[PDB]
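One structure below.
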Amino acid sequence: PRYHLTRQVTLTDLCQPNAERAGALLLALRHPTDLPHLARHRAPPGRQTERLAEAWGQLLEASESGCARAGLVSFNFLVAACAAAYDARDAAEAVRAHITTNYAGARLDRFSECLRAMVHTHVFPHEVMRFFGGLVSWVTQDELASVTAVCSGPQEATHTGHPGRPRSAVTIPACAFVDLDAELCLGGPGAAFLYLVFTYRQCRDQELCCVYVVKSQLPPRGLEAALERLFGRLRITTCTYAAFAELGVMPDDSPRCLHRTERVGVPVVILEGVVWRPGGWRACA
Amino acid sequence: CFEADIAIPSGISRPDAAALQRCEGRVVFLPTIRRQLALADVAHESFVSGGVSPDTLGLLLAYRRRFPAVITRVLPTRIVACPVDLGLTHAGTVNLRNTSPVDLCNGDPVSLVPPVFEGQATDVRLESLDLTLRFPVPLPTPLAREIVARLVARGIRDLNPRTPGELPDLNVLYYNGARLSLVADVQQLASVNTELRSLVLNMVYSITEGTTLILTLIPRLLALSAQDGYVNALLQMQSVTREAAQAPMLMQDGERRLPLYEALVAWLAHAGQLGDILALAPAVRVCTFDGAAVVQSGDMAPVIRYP
Amino acid sequence: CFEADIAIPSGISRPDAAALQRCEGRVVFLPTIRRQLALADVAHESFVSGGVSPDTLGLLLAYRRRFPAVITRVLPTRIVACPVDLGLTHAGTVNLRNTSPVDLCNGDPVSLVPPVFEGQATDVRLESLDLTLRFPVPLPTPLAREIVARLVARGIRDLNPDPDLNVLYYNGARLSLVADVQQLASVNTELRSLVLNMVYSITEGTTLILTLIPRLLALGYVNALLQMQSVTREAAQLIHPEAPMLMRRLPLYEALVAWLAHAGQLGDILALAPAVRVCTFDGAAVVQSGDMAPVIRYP
Amino acid sequence: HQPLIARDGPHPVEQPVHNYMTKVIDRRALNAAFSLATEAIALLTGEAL
Amino acid sequence: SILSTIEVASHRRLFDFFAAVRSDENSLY
């Protein structure tokens with residue numbers, strides 16, 4: 001009834017919502033204790049199936065099940081994680097400077113080795129880490145993080161956007177100029193859809209990752225017309241690159257911005273007025 | 001709902017105001033998400049691309065990247081519409097007007113089709129401002145997927161006209177009886193080619209390394225249609241599979257890779273969802289509160305969200 | 001919530017009064033959304049359509065047809081159940097009853113068919129009025145779409161016999177799918193309906209394009225772009241199927257329509273669309289089997 | 001109590017029953033409705049006058 | 001008094017539209 005709330009107790013090895021902002025696209029970490037088994041299948045046996053067991057085993061070594069299963073990869077954490085991956089330098093080192101000063105970069109290097117290894121053994125980081133919400137509060141202890149991070153569609157950014165104007169409320173930072181690929185260059189006035197897009201390419205730049213957002217007044221069923229375009233990475237030859245899940249709707253087209261204010265100079269985008277229509281992933285070819 | 005107002009521009013002829021009075025519950029294709037819009041961007045002149053108007057395949061191609069909305073209220077200066085793709089978040093259950101020869105059901109998923117029958121023209125005329133409004137035809141999703149497959153193969157007949165000039169129709173549809181006639185007029189090349197490419201593309205990705213294991217079981221089916229009644233109706237009379245029998249090849253990479261299990265999901269992901277790539281996506285589900293089990297041709301149906 | 005009231009029939013036995021109490025939180029498929037509903041309309045005998053009790057094919061048609069409903073409160077002479085598909089998105093939090101997988105903090109459960117597990121499990125049968133309630137199984141979408149392709153693969157090995165497919169390890173779960181003693185004789189005979197579709201529409205799908213592409217690309221942009229993607233991937237298996245098997249436009253074009261509708265139905269029959277979502281608050285977010293989970297409306 | 005007739009004869013003294021008959025109620029609903037439009041809610045309430 | 005009936009009618013449903021439809025403790029004006 002245009003109001004909902006979430007709350008989950010996780011650890012501070014990942015996102016660490018103290019150094020993060022009030023606006024944070026918290027993704028999950030779906031099933032860490034999984035993938036010795038499905039990493040073995042869903043791939044040819046000439047893919048070295050023990051790789052996600054070891055590289056994530058190094059990532060858990062970089063810091064048992066505990067009283068909190070490993071969750072909450074931020075959207076901050078992924079920008080540095082593919083910073084060497086997408087073809088953009090000096091705009092990607094700033095967010096990595098935001099993490100190695102305020103979040104240990106060993107947790108980045110073990111994770112980027114997993115990002116190559118996830119696409120190596122064909123078990124992609126999508127259908128992993130579903131969207132979680134918008135981080136209203138962080139009541140975090142020394143080891144824990146009990147974040148109220150409301151899911152459930154349109155109201156989650158309006159309940160953090162109606163009282164936003166006074167002081168500092170959510171504002172939902174896109175957190176990179178290279179990310180938030182704001183589409184409709186050939187565009188006019190209308191309410192746009194937000195998506196969460198992961199592009200892929202097998203053995204070109206060695207199972208490459210790119211983590212960013214697109215903004216379009218295009219349907220998710222017509223987005224594949226544009227997602228098949230706009231890329232040079234159509235030359236795998238197997239398949240299933242360019243996954244996307246709908247982040248929802250931006251019903252204020254003028255409200256996209258360009259700024260550089262965070263924490264370390266981190267280039268950023270204010271996104272005023274968001275529907276968080278949570279959607280699902282869509283990856284076939 | 002995100003109520004979208006469509007401005008009724010200039011004058012209005014006294015029957016042209018009544019033209020909008022009978023359209024409460026039809027479907028507006030609007031090529032944006034607006035809170036304010038003028039009427040000419042909706043009309044069939046706005047469907048017209050560079051130079052030509054689209055044919056019955058290109059209309060779906062126009063309808064694909066154009067967002068459906070339903071007329072909810074009728075005012076002489078505005079037409080308050082509700083965008084189904086977004087604003088279907090209702091405890092209000094926006095109604096739909098059946099404009100078809102077809103009783104749907106209570107609960108069938110409903111998608112939209114252009115006017116493609118001989119008597120269901122539905123193109124209204126406005127003498128004040130010369131606009132045509134071909135309203136789409138809300139139809140059940142087994143019926144719509146049975147329509148679109150007819151036009152595609154007829155367009156492939158328009159590619160290569162070998163045999164002499166006595167072809168079968170692909171102009172005859174049956175739905176609970178009811179020999180329905182389509183409109184077979186003109187087939188535009190690009191509207192064929194864009195629809196032809198996706199069908200050939202999607203069926204190639206439906207064959208994986210473990211797919212040819214299923215091809216081994218072709219004489220297994222023909223033994224079953226000789227001694228089972230369910231199989232006999234399943235292998236139809238005009239089937240190419242019955243003509244096909246007129247092959248394991250182990251070659252096992254690793255010998256544990258789940259060879260069937262990848263061939264099913266990939267077939268389910270690629271050639272299974274042919275109804276989403278040829279036609280529009282289903283979003284309309286018939287939800288009758290008072291206990292009506294059917295929705296007659298010309299009646300109203302309260303509508304809830306995705307199937 | 002517009003909670004539609006299912007009417008209990010007239011007086012039942014005292015164990016039948018206690019049995020319907022422990023169904024508080026199961027999934028119920030109501031055909032119409034009248035505020036007064038009988039209980040025989042709810043029961044599995046109302047799913048009898050072709051003069052037979054249906055298989056998992058006939059259930060998935062019926063489950064893709066009528067409207068889901070979670071039992072809210074069980075009352076004397078009444079069942080108060082609010083349906084899922086009415087209401088706006090993410091309103092009306094209510095409880096599901098878990099079944100053996102975990103159902104984490106999100107995951108979008110699917111009310112999918114009861115015979116995916118042991119055959120006469122959860123079949124609440126009232127001895128008094130003599131009906132049957134077969135409650136469906138609420139599993140999440142990647143665990144839904146995996147298993148429903150996993151069981152149809154197993155029937156192929158039984159359809160013509162000579163690795164065990166049924167492992168499917170989850171995050172904490174070693175999913176024992178095999179009920180070998182008496183259920184695999186009864187679960188395999190119920191996918192007899194669903195397998196023969198899945199075999200046919202593949203073999204009608206592959207063998208159509210195996211005689212389409214030799215008869216096409218021979219009379220423009222179709223030839224350029226499609227072969228641009230299938231450079232020695234599908235062409236490698238084109239020479240493989242045409243040689244290690246057998247090889248008329250008008251039978252083919254009349255078979256083009258017939259497969260595509262039938263292949264189109266399996267996209268709605270299978271693939272298990274997310275009905276509802278889990279999104280928890282003030283909760284431990286990792287749900288035990290047999291524990292109530294807060295569950296909200298739209299994907 | 002059912003009508004009895006005092007009976008003669010060499011028969012066994014036939015079995016006498018004088019009981020309370022139990023019966024089964026049915027429940028019937030008799031549903032009825034009436035619509036009320038989008039007017040007469042802004043009206044009748046002072047909301048639109 | 002067309003003007004004085006106009007302004008007072010606005011001043012009524014301004015306050016009675018926000019929160020005054022429910023009866024209060026005892027006296028409201």
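The chains in the structure tokens are called A, B, ... from first to last as shown; in each chain the residues are counted from 1, and the ligands are counted from 1 in the order shown.
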Quick check: residues of chain C within 7 Å of chain B, only C-alpha atoms, returned as a PDB file with N, CA, C and O atoms, in the first residue's frame.
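Once everything was written out, this is part_14.pdb:
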```pdb
ATOM      1  N   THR C  32     -13.102 -19.052  -9.560  1.00  0.00           N
ATOM      2  CA  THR C  32     -13.644 -17.706  -9.677  1.00  0.00           C
ATOM      3  C   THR C  32     -13.546 -17.038  -8.318  1.00  0.00           C
ATOM      4  O   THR C  32     -13.242 -17.679  -7.312  1.00  0.00           O
ATOM      5  N   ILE C  33     -13.838 -15.743  -8.295  1.00  0.00           N
ATOM      6  CA  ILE C  33     -13.397 -14.911  -7.187  1.00  0.00           C
ATOM      7  C   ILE C  33     -14.645 -14.387  -6.494  1.00  0.00           C
ATOM      8  O   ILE C  33     -14.680 -13.248  -6.017  1.00  0.00           O
ATOM      9  N   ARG C  34     -15.697 -15.200  -6.489  1.00  0.00           N
ATOM     10  CA  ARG C  34     -16.893 -14.901  -5.719  1.00  0.00           C
ATOM     11  C   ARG C  34     -16.549 -14.865  -4.238  1.00  0.00           C
ATOM     12  O   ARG C  34     -15.708 -15.632  -3.773  1.00  0.00           O
ATOM     13  N   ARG C  65      -4.389 -21.303 -15.214  1.00  0.00           N
ATOM     14  CA  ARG C  65      -5.703 -20.791 -15.551  1.00  0.00           C
ATOM     15  C   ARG C  65      -6.388 -20.069 -14.407  1.00  0.00           C
ATOM     16  O   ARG C  65      -6.651 -18.871 -14.528  1.00  0.00           O
ATOM     17  N   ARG C  66      -6.646 -20.745 -13.299  1.00  0.00           N
ATOM     18  CA  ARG C  66      -7.379 -20.171 -12.185  1.00  0.00           C
ATOM     19  C   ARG C  66      -6.424 -19.424 -11.272  1.00  0.00           C
ATOM     20  O   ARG C  66      -5.228 -19.324 -11.537  1.00  0.00           O
ATOM     21  N   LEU C  86      -5.186 -10.304  -6.814  1.00  0.00           N
ATOM     22  CA  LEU C  86      -5.898  -9.059  -6.571  1.00  0.00           C
ATOM     23  C   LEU C  86      -5.086  -8.193  -5.634  1.00  0.00           C
ATOM     24  O   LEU C  86      -4.434  -8.701  -4.718  1.00  0.00           O
ATOM     25  N   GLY C  87      -5.147  -6.893  -5.864  1.00  0.00           N
ATOM     26  CA  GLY C  87      -4.388  -5.916  -5.120  1.00  0.00           C
ATOM     27  C   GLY C  87      -3.294  -5.315  -5.976  1.00  0.00           C
ATOM     28  O   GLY C  87      -2.861  -5.885  -6.977  1.00  0.00           O
ATOM     29  N   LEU C  88      -2.852  -4.135  -5.560  1.00  0.00           N
ATOM     30  CA  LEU C  88      -1.720  -3.516  -6.224  1.00  0.00           C
ATOM     31  C   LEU C  88      -0.429  -4.187  -5.770  1.00  0.00           C
ATOM     32  O   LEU C  88      -0.423  -5.033  -4.872  1.00  0.00           O
ATOM     33  N   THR C  89       0.671  -3.809  -6.424  1.00  0.00           N
ATOM     34  CA  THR C  89       1.952  -4.464  -6.208  1.00  0.00           C
ATOM     35  C   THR C  89       2.465  -4.197  -4.799  1.00  0.00           C
ATOM     36  O   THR C  89       2.454  -3.062  -4.312  1.00  0.00           O
ATOM     37  N   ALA C 149      12.664 -28.990 -15.490  1.00  0.00           N
ATOM     38  CA  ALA C 149      13.395 -29.539 -16.620  1.00  0.00           C
ATOM     39  C   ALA C 149      14.171 -30.780 -16.212  1.00  0.00           C
ATOM     40  O   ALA C 149      14.561 -31.577 -17.069  1.00  0.00           O
ATOM     41  N   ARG C 150      14.397 -30.958 -14.911  1.00  0.00           N
ATOM     42  CA  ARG C 150      15.196 -32.083 -14.443  1.00  0.00           C
ATOM     43  C   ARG C 150      14.391 -33.376 -14.475  1.00  0.00           C
ATOM     44  O   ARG C 150      14.927 -34.445 -14.787  1.00  0.00           O
ATOM     45  N   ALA C 153      13.743 -34.707 -18.094  1.00  0.00           N
ATOM     46  CA  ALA C 153      14.913 -35.359 -18.668  1.00  0.00           C
ATOM     47  C   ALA C 153      14.977 -36.820 -18.255  1.00  0.00           C
ATOM     48  O   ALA C 153      15.375 -37.683 -19.045  1.00  0.00           O
ATOM     49  N   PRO C 163      24.701 -40.986 -15.833  1.00  0.00           N
ATOM     50  CA  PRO C 163      24.837 -40.345 -14.523  1.00  0.00           C
ATOM     51  C   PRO C 163      23.483 -40.081 -13.875  1.00  0.00           C
ATOM     52  O   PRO C 163      22.520 -39.803 -14.580  1.00  0.00           O
ATOM     53  N   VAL C 199       9.184 -34.188 -25.970  1.00  0.00           N
ATOM     54  CA  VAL C 199       9.927 -34.881 -27.014  1.00  0.00           C
ATOM     55  C   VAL C 199       9.499 -34.372 -28.375  1.00  0.00           C
ATOM     56  O   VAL C 199      10.335 -34.061 -29.229  1.00  0.00           O
ATOM     57  N   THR C 203      11.485 -32.462 -31.414  1.00  0.00           N
ATOM     58  CA  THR C 203      11.692 -33.184 -32.666  1.00  0.00           C
ATOM     59  C   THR C 203      10.876 -32.589 -33.799  1.00  0.00           C
ATOM     60  O   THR C 203      11.228 -32.741 -34.969  1.00  0.00           O
ATOM     61  N   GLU C 204       9.778 -31.912 -33.478  1.00  0.00           N
ATOM     62  CA  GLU C 204       9.097 -31.139 -34.503  1.00  0.00           C
ATOM     63  C   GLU C 204       9.743 -29.774 -34.686  1.00  0.00           C
ATOM     64  O   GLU C 204       9.610 -29.172 -35.753  1.00  0.00           O
ATOM     65  N   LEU C 219      16.532 -18.490 -52.725  1.00  0.00           N
ATOM     66  CA  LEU C 219      15.547 -17.821 -53.565  1.00  0.00           C
ATOM     67  C   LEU C 219      15.579 -16.309 -53.370  1.00  0.00           C
ATOM     68  O   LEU C 219      15.947 -15.822 -52.304  1.00  0.00           O
ATOM     69  N   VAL C 222      18.382 -12.532 -44.777  1.00  0.00           N
ATOM     70  CA  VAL C 222      18.240 -13.718 -43.935  1.00  0.00           C
ATOM     71  C   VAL C 222      19.476 -14.597 -44.064  1.00  0.00           C
ATOM     72  O   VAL C 222      19.983 -15.145 -43.079  1.00  0.00           O
ATOM     73  N   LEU C 226      21.981 -14.804 -40.538  1.00  0.00           N
ATOM     74  CA  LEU C 226      21.805 -16.062 -39.820  1.00  0.00           C
ATOM     75  C   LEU C 226      23.044 -16.940 -39.930  1.00  0.00           C
ATOM     76  O   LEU C 226      23.463 -17.553 -38.942  1.00  0.00           O
ATOM     77  N   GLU C 234      26.280 -24.336 -35.786  1.00  0.00           N
ATOM     78  CA  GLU C 234      25.112 -25.108 -36.196  1.00  0.00           C
ATOM     79  C   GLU C 234      25.374 -25.820 -37.513  1.00  0.00           C
ATOM     80  O   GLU C 234      24.766 -26.856 -37.804  1.00  0.00           O
ATOM     81  N   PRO C 244      23.695 -38.524 -40.209  1.00  0.00           N
ATOM     82  CA  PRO C 244      23.268 -39.585 -39.285  1.00  0.00           C
ATOM     83  C   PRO C 244      21.780 -39.568 -38.957  1.00  0.00           C
ATOM     84  O   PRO C 244      21.402 -39.743 -37.794  1.00  0.00           O
ATOM     85  N   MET C 245      20.944 -39.383 -39.976  1.00  0.00           N
ATOM     86  CA  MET C 245      19.489 -39.503 -39.915  1.00  0.00           C
ATOM     87  C   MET C 245      18.986 -39.503 -41.354  1.00  0.00           C
ATOM     88  O   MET C 245      19.762 -39.662 -42.302  1.00  0.00           O
ATOM     89  N   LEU C 246      17.680 -39.324 -41.510  1.00  0.00           N
ATOM     90  CA  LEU C 246      17.089 -39.149 -42.828  1.00  0.00           C
ATOM     91  C   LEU C 246      17.234 -37.692 -43.267  1.00  0.00           C
ATOM     92  O   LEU C 246      17.963 -36.901 -42.662  1.00  0.00           O
ATOM     93  N   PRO C 251       3.463 -29.428 -47.207  1.00  0.00           N
ATOM     94  CA  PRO C 251       3.401 -30.051 -45.874  1.00  0.00           C
ATOM     95  C   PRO C 251       4.211 -29.303 -44.841  1.00  0.00           C
ATOM     96  O   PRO C 251       3.826 -29.281 -43.667  1.00  0.00           O
ATOM     97  N   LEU C 252       5.305 -28.666 -45.254  1.00  0.00           N
ATOM     98  CA  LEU C 252       6.190 -27.996 -44.313  1.00  0.00           C
ATOM     99  C   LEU C 252       5.564 -26.713 -43.778  1.00  0.00           C
ATOM    100  O   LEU C 252       5.623 -26.432 -42.576  1.00  0.00           O
ATOM    101  N   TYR C 253       4.946 -25.932 -44.666  1.00  0.00           N
ATOM    102  CA  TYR C 253       4.354 -24.662 -44.254  1.00  0.00           C
ATOM    103  C   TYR C 253       3.105 -24.884 -43.417  1.00  0.00           C
ATOM    104  O   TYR C 253       2.796 -24.091 -42.522  1.00  0.00           O
ATOM    105  N   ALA C 255       3.026 -27.392 -41.444  1.00  0.00           N
ATOM    106  CA  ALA C 255       3.616 -27.827 -40.184  1.00  0.00           C
ATOM    107  C   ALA C 255       4.355 -26.697 -39.483  1.00  0.00           C
ATOM    108  O   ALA C 255       4.759 -26.854 -38.326  1.00  0.00           O
ATOM    109  N   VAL C 257       2.947 -23.774 -38.776  1.00  0.00           N
ATOM    110  CA  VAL C 257       2.006 -23.176 -37.841  1.00  0.00           C
ATOM    111  C   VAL C 257       1.760 -24.118 -36.672  1.00  0.00           C
ATOM    112  O   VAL C 257       1.662 -23.689 -35.514  1.00  0.00           O
ATOM    113  N   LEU C 260       4.488 -24.173 -33.870  1.00  0.00           N
ATOM    114  CA  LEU C 260       4.773 -22.915 -33.196  1.00  0.00           C
ATOM    115  C   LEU C 260       3.740 -22.601 -32.126  1.00  0.00           C
ATOM    116  O   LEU C 260       4.077 -22.008 -31.097  1.00  0.00           O
ATOM    117  N   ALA C 261       2.490 -23.008 -32.335  1.00  0.00           N
ATOM    118  CA  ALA C 261       1.480 -22.853 -31.295  1.00  0.00           C
ATOM    119  C   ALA C 261       1.718 -23.842 -30.165  1.00  0.00           C
ATOM    120  O   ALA C 261       1.616 -23.495 -28.983  1.00  0.00           O
ATOM    121  N   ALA C 263       4.609 -25.331 -29.434  1.00  0.00           N
ATOM    122  CA  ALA C 263       5.808 -24.883 -28.735  1.00  0.00           C
ATOM    123  C   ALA C 263       5.520 -23.633 -27.918  1.00  0.00           C
ATOM    124  O   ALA C 263       6.166 -23.375 -26.896  1.00  0.00           O
ATOM    125  N   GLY C 264       4.556 -22.832 -28.367  1.00  0.00           N
ATOM    126  CA  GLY C 264       4.164 -21.660 -27.614  1.00  0.00           C
ATOM    127  C   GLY C 264       3.409 -21.979 -26.346  1.00  0.00           C
ATOM    128  O   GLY C 264       3.511 -21.228 -25.370  1.00  0.00           O
ATOM    129  N   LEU C 266       3.935 -24.591 -24.368  1.00  0.00           N
ATOM    130  CA  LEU C 266       4.864 -25.075 -23.355  1.00  0.00           C
ATOM    131  C   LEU C 266       5.583 -23.931 -22.661  1.00  0.00           C
ATOM    132  O   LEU C 266       6.049 -24.089 -21.532  1.00  0.00           O
ATOM    133  N   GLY C 267       5.669 -22.771 -23.308  1.00  0.00           N
ATOM    134  CA  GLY C 267       6.197 -21.602 -22.631  1.00  0.00           C
ATOM    135  C   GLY C 267       5.272 -21.093 -21.549  1.00  0.00           C
ATOM    136  O   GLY C 267       5.726 -20.515 -20.559  1.00  0.00           O
TER     137      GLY C 267
END
```
Do you have, as a tab-separated table, the list of residues of chain A lying at most 7 Å from chain B, each with its nearest atom pair and that distance in Å to one decimal, counting only C-alpha atoms and ordered by chain then number?
```
residue	atom	partner	partner_atom	distance
A:41	CA	B:257	CA	5.9
A:44	CA	B:257	CA	6.6
A:45	CA	B:254	CA	5.6
A:190	CA	B:33	CA	5.4
A:191	CA	B:33	CA	5.3
A:217	CA	B:32	CA	6.9
A:218	CA	B:65	CA	6.9
A:219	CA	B:65	CA	6.9
A:222	CA	B:65	CA	6.0
A:284	CA	B:269	CA	6.1
```
Would you output that residue set with N, CA and C atoms, as a PDB file, in the first residue's frame?
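Ended up saving to part_37.pdb:
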```pdb
ATOM      1  N   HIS A  41      28.631 -28.420 -13.304  1.00  0.00           N
ATOM      2  CA  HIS A  41      27.726 -28.509 -14.435  1.00  0.00           C
ATOM      3  C   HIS A  41      27.562 -27.135 -15.074  1.00  0.00           C
ATOM      4  N   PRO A  44      30.968 -26.996 -20.306  1.00  0.00           N
ATOM      5  CA  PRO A  44      31.740 -28.155 -20.738  1.00  0.00           C
ATOM      6  C   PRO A  44      32.773 -28.511 -19.697  1.00  0.00           C
ATOM      7  N   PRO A  45      33.219 -29.775 -19.661  1.00  0.00           N
ATOM      8  CA  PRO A  45      34.251 -30.155 -18.682  1.00  0.00           C
ATOM      9  C   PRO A  45      35.616 -29.552 -18.968  1.00  0.00           C
ATOM     10  N   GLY A 190       9.899  11.893 -21.713  1.00  0.00           N
ATOM     11  CA  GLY A 190       9.068  10.778 -21.302  1.00  0.00           C
ATOM     12  C   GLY A 190       9.635  10.134 -20.058  1.00  0.00           C
ATOM     13  N   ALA A 191       8.800   9.325 -19.414  1.00  0.00           N
ATOM     14  CA  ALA A 191       9.247   8.602 -18.231  1.00  0.00           C
ATOM     15  C   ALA A 191      10.042   7.371 -18.639  1.00  0.00           C
ATOM     16  N   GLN A 217      13.351   5.016 -22.139  1.00  0.00           N
ATOM     17  CA  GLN A 217      11.901   4.848 -22.242  1.00  0.00           C
ATOM     18  C   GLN A 217      11.620   3.795 -23.309  1.00  0.00           C
ATOM     19  N   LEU A 218      12.203   2.611 -23.100  1.00  0.00           N
ATOM     20  CA  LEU A 218      12.086   1.449 -23.961  1.00  0.00           C
ATOM     21  C   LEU A 218      11.607   0.285 -23.100  1.00  0.00           C
ATOM     22  N   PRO A 219      10.778  -0.610 -23.635  1.00  0.00           N
ATOM     23  CA  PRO A 219      10.293  -1.740 -22.841  1.00  0.00           C
ATOM     24  C   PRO A 219      11.394  -2.759 -22.629  1.00  0.00           C
ATOM     25  N   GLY A 222      11.653  -4.688 -25.647  1.00  0.00           N
ATOM     26  CA  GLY A 222      12.187  -3.995 -26.803  1.00  0.00           C
ATOM     27  C   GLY A 222      13.609  -3.543 -26.551  1.00  0.00           C
ATOM     28  N   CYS A 284      19.170 -15.097 -22.561  1.00  0.00           N
ATOM     29  CA  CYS A 284      19.066 -16.250 -23.438  1.00  0.00           C
ATOM     30  C   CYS A 284      20.233 -16.374 -24.405  1.00  0.00           C
TER      31      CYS A 284
END
```
Q: Return as a PyMOL selection string the residues belonging to chain A that are within 8 Å of chain C, counting only C-alpha atoms.
A: chain A and resi 1-2+4-9+31-35+37-38+127+151-153+237+278-280
Q: May I have the residues of chain C within 10 Å of chain D, counting only C-alpha atoms, written as a PyMOL selection string?
A: chain C and resi 7+9-11+35-36
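Every residue of chain D that lies within 12 Å of chain B is listed here, counting only C-alpha atoms: residues 31, 32, 33, 34, 35 and 38 of chain D.
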(Q) Near chain E, meaning an atom within 10 Å, which residues of chain D appear when counting only C-alpha atoms? Write them as a ChimeraX atom specification. (A) /D:45-49
Q. Can you list every residue in chain E that DSSP puts in alpha helix (DSSP H), as number ranges by chain?
A. E: 2-19
Q: For atom CA of residue C:118 and atom CA of residue C:130, determine how far apart the two atoms are, in Å to one decimal place.
A: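 These atoms are spaced 21.7 Å apart.
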(Q) Need the shell around residue C:184: protein/DNA/RNA residues with any atom at most 12 Å away, counting only C-alpha atoms. Skip same-chain ones fewer than 3 positions apart. Format as a PyMOL selection string? (A) chain C and resi 115-119+151+154-155+158+166+177-181+187-191
Q) In Å, with one decimal, what is the gap from atom CA of residue B:63 to atom CA of residue B:17? A) 25.9 Å
(Q) as a list in words, please: the residues near residue D:17 (cut-off 12 Å, only C-alpha atoms, same-chain neighbours under 2 positions excluded). (A)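 So, after excluding close chain neighbours, the residues are residues 1, 2, 3, 4, 14, 15, 19, 20 and 21 of chain D.
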Can you spit out the residues from that selection as a PDB file, in the first residue's frame, using N, CA, C and O atoms?
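Result file part-v7.pdb:
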```
ATOM      1  N   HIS D   1     -44.244 -38.405  18.944  1.00  0.00           N
ATOM      2  CA  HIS D   1     -44.402 -39.826  19.198  1.00  0.00           C
ATOM      3  C   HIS D   1     -45.367 -40.386  18.168  1.00  0.00           C
ATOM      4  O   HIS D   1     -46.473 -39.860  18.002  1.00  0.00           O
ATOM      5  N   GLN D   2     -44.928 -41.428  17.464  1.00  0.00           N
ATOM      6  CA  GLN D   2     -45.672 -41.958  16.331  1.00  0.00           C
ATOM      7  C   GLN D   2     -46.981 -42.592  16.800  1.00  0.00           C
ATOM      8  O   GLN D   2     -47.083 -43.018  17.954  1.00  0.00           O
ATOM      9  N   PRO D   3     -48.013 -42.605  15.963  1.00  0.00           N
ATOM     10  CA  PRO D   3     -49.252 -43.275  16.353  1.00  0.00           C
ATOM     11  C   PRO D   3     -49.045 -44.775  16.414  1.00  0.00           C
ATOM     12  O   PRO D   3     -48.522 -45.386  15.482  1.00  0.00           O
ATOM     13  N   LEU D   4     -49.437 -45.366  17.531  1.00  0.00           N
ATOM     14  CA  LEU D   4     -49.347 -46.806  17.684  1.00  0.00           C
ATOM     15  C   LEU D   4     -50.741 -47.379  17.815  1.00  0.00           C
ATOM     16  O   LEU D   4     -51.673 -46.679  18.220  1.00  0.00           O
ATOM     17  N   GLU D  14     -43.833 -56.381  20.157  1.00  0.00           N
ATOM     18  CA  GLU D  14     -43.017 -55.721  19.142  1.00  0.00           C
ATOM     19  C   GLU D  14     -42.286 -54.515  19.715  1.00  0.00           C
ATOM     20  O   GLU D  14     -42.717 -53.938  20.717  1.00  0.00           O
ATOM     21  N   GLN D  15     -41.173 -54.154  19.077  1.00  0.00           N
ATOM     22  CA  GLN D  15     -40.176 -53.311  19.718  1.00  0.00           C
ATOM     23  C   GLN D  15     -40.671 -51.868  19.804  1.00  0.00           C
ATOM     24  O   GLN D  15     -40.994 -51.256  18.779  1.00  0.00           O
ATOM     25  N   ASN D  19     -38.637 -41.807  20.411  1.00  0.00           N
ATOM     26  CA  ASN D  19     -37.374 -41.091  20.373  1.00  0.00           C
ATOM     27  C   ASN D  19     -37.580 -39.675  19.856  1.00  0.00           C
ATOM     28  O   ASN D  19     -38.699 -39.260  19.545  1.00  0.00           O
ATOM     29  N   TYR D  20     -36.479 -38.942  19.777  1.00  0.00           N
ATOM     30  CA  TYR D  20     -36.487 -37.569  19.301  1.00  0.00           C
ATOM     31  C   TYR D  20     -35.825 -37.532  17.931  1.00  0.00           C
ATOM     32  O   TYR D  20     -34.659 -37.909  17.792  1.00  0.00           O
ATOM     33  N   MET D  21     -36.573 -37.104  16.922  1.00  0.00           N
ATOM     34  CA  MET D  21     -36.029 -37.092  15.573  1.00  0.00           C
ATOM     35  C   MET D  21     -35.029 -35.960  15.404  1.00  0.00           C
ATOM     36  O   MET D  21     -35.300 -34.810  15.755  1.00  0.00           O
TER      37      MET D  21
END
```
Q. As number ranges by chain, which residues of stretch 76-217 of chain A does DSSP assign to strand (DSSP E)?
A. A: 131-133, 137-138, 144-148, 181-182, 192-201, 208-216
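Shortest atom-to-atom contact with residue A:100 among A:19, A:223, A:60, A:186: A:19, counting only C-alpha atoms.
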